[PDB]
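Student: To start, I am sharing the structure in question, which I have written as structure tokens.
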Amino acid sequence: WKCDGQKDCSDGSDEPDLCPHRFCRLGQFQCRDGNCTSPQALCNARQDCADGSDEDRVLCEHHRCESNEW
Amino acid sequence: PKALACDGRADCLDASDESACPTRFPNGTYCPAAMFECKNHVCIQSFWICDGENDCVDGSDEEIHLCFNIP
Ligand SMILES: *[C@@H]1O[C@H](CO)[C@@H](O[C@@H]2O[C@H](CO)[C@@H](O[C@@H]3O[C@H](CO[C@H]4O[C@H](CO)[C@@H](O)[C@H](O)[C@@H]4O)[C@@H](O)[C@H](O[C@H]4O[C@H](CO)[C@@H](O)[C@H](O)[C@@H]4O)[C@@H]3O)[C@H](O)[C@H]2NC(C)=O)[C@H](O)[C@H]1NC(C)=O
Ligand SMILES: *[C@@H]1O[C@H](CO)[C@@H](O[C@@H]2O[C@H](CO)[C@@H](O[C@@H]3O[C@H](CO[C@H]4O[C@H](CO)[C@@H](O)[C@H](O)[C@@H]4O)[C@@H](O)[C@H](O[C@H]4O[C@H](CO)[C@@H](O)[C@H](O)[C@@H]4O)[C@@H]3O)[C@H](O)[C@H]2NC(C)=O)[C@H](O)[C@H]1NC(C)=O
Ligand SMILES: *[C@H]1O[C@H](CO)[C@H](O)[C@H](O)[C@H]1NC(C)=O
Ligand SMILES: [Ca+2]
Ligand SMILES: [Ca+2]
Ligand SMILES: [Ca+2]
Ligand SMILES: [Ca+2]
């Protein structure tokens, strides 16, 4: 949701002026190099980006998911 | 849908939704630098160039004078 122009947050911290250019459509995660993928591809042990920004260690270090998945 | 107009992408069957709206940057440019742009103002990932398919509807990607210089 961060860095997409859609002000999801009231206070406006969601969209800074130091924001990189957005290539992906709304709802799509953006890889660091500019590729796009569906949100479920993040930290799924499968390299879904070219550089694998979805598989960066920091993105997964404190990963969590909903009550219905283990 | 209106939201799909002028997003950089062909959504009208003839890409009319990109064809008649402003530049994206002060330097007179229609597309981000990391991509290839076509004369109807659609723009696409670089590897679509001369792949054999008219990916932007104007077909600028498949004009061979581009990939004479691309292996
Ligand atoms: C989304 O993901 C795709 C892959 O699925 C990305 O594709 C890569 O794009 C980068 C550039 O963004 C390409 O890098 C280019 O590599 C050329 C040499 O290739 C060797 O090194 C690359 C890694 O850099 C290896 O992938 C490749 O196997 C080779 O070992 C360079 O010559 C290119 O240099 C360019 O910039 C310099 C500096 O300005 C100029 O002097 C050159 O003329 C040239 O313009 C460049 O670095 C990379 O090869 C691509 N890889 C693949 C597998 O496709 C997409 O780019 C990405 N989408 C977006 C929008 O970025
Ligand atoms: C019209 O104007 C647009 C800008 O409004 C121009 O597009 C820019 O072109 C420049 C030059 O190629 C781009 O700058 C380079 O971007 C590289 C990628 O970083 C971008 O993407 C990452 C993604 O994570 C962001 O985090 C980051 O903020 C950037 O948005 C950088 O890697 C490059 O850095 C390298 O070169 C510089 C020198 O140029 C060195 O100082 C660095 O150390 C490093 O070696 C560089 O910054 C810029 O990103 C483009 N922006 C967009 C939106 O495309 C058009 O080219 C221009 N067109 C015409 C026809 O005039
Ligand atoms: C294209 O639109 C941009 C928006 O940032 C600028 O207004 C630019 O001056 C425009 N260029 C032309 C020729 O209309
Ligand atoms: Ca947002
Ligand atoms: Ca992944
Ligand atoms: Ca469009
Ligand atoms: Ca093509």
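We place every Cβ from the backbone using ideal geometry, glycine too, and count neighbours over all the protein chains shown. Bear in mind that the values in this text are calculations on the coordinates, not laboratory data.
Student: Would you work out if the stretch B:4-71 is rounded, prolate or oblate? Take a ≥ b ≥ c from the square roots of the eigenvalues of the alpha-carbon gyration tensor; rounded if a/c is under 1.5, else prolate when a/b is larger than b/c, oblate otherwise.
Tutor: Working: a/c = 2.31, a/b = 1.41, b/c = 1.64.
Note, shape of the stretch B:4-71 comes out oblate.
Student: Cα-based Rg (one decimal) and Dmax (whole number) for chain A, in Å?
Tutor: 13.1, 38
Student: Now, a different point. In sequence order, what are the phi-derived ³J(HN,Hα) couplings for the stretch A:40-48 according to the Karplus relation 6.51 cos²θ - 1.76 cosθ + 1.60 with θ = phi - 60°, rounded to whole Hz, with x for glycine and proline?
Tutor: Along the stretch A:40-48, the couplings run 6, 7, 6, 6, 9, 6, 10, 6, 9 Hz.
Student: Which GluC sites (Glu not before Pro) from chain A combine a DSSP loop assignment with at most 10 other Cβ atoms within 10 Å?
Tutor: Working: sites: A:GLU55, A:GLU61, A:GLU66, A:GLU69; in loops: A:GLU61, A:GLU66, A:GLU69.
Answer by residue number: A:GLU61, A:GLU66, A:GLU69.
Student: Treating cross-link reach as a plain straight distance, find the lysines whose alpha-carbon is under 26 Å from the alpha-carbon of B:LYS39, omitting any fewer than eight places away in the same chain.
Tutor: Candidates past the 8-residue exclusion: B:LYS2.
Student: State the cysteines of chain B left without a partner when partners are defined as other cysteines whose beta carbon lies under 4.7 Å away.
Tutor: If one checks each Cβ against the other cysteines of chain B, B:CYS12 turn up with nothing under 4.7 Å.
Student: Let me ask another. For A:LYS7, give me every one of the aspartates and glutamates with a C-alpha distance below 19 angstrom, ignoring sequence neighbours fewer than eight places off in its own chain.
Tutor: Counting by Cα, and skipping residues close in sequence, A:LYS7 has these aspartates and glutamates nearby: A:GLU15, A:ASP17, B:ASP7.
Student: A further question on this structure: So how far, in whole Å, is the C-alpha centre of the stretch B:28-71 from the one of the stretch A:1-67?
Tutor: 27 Å
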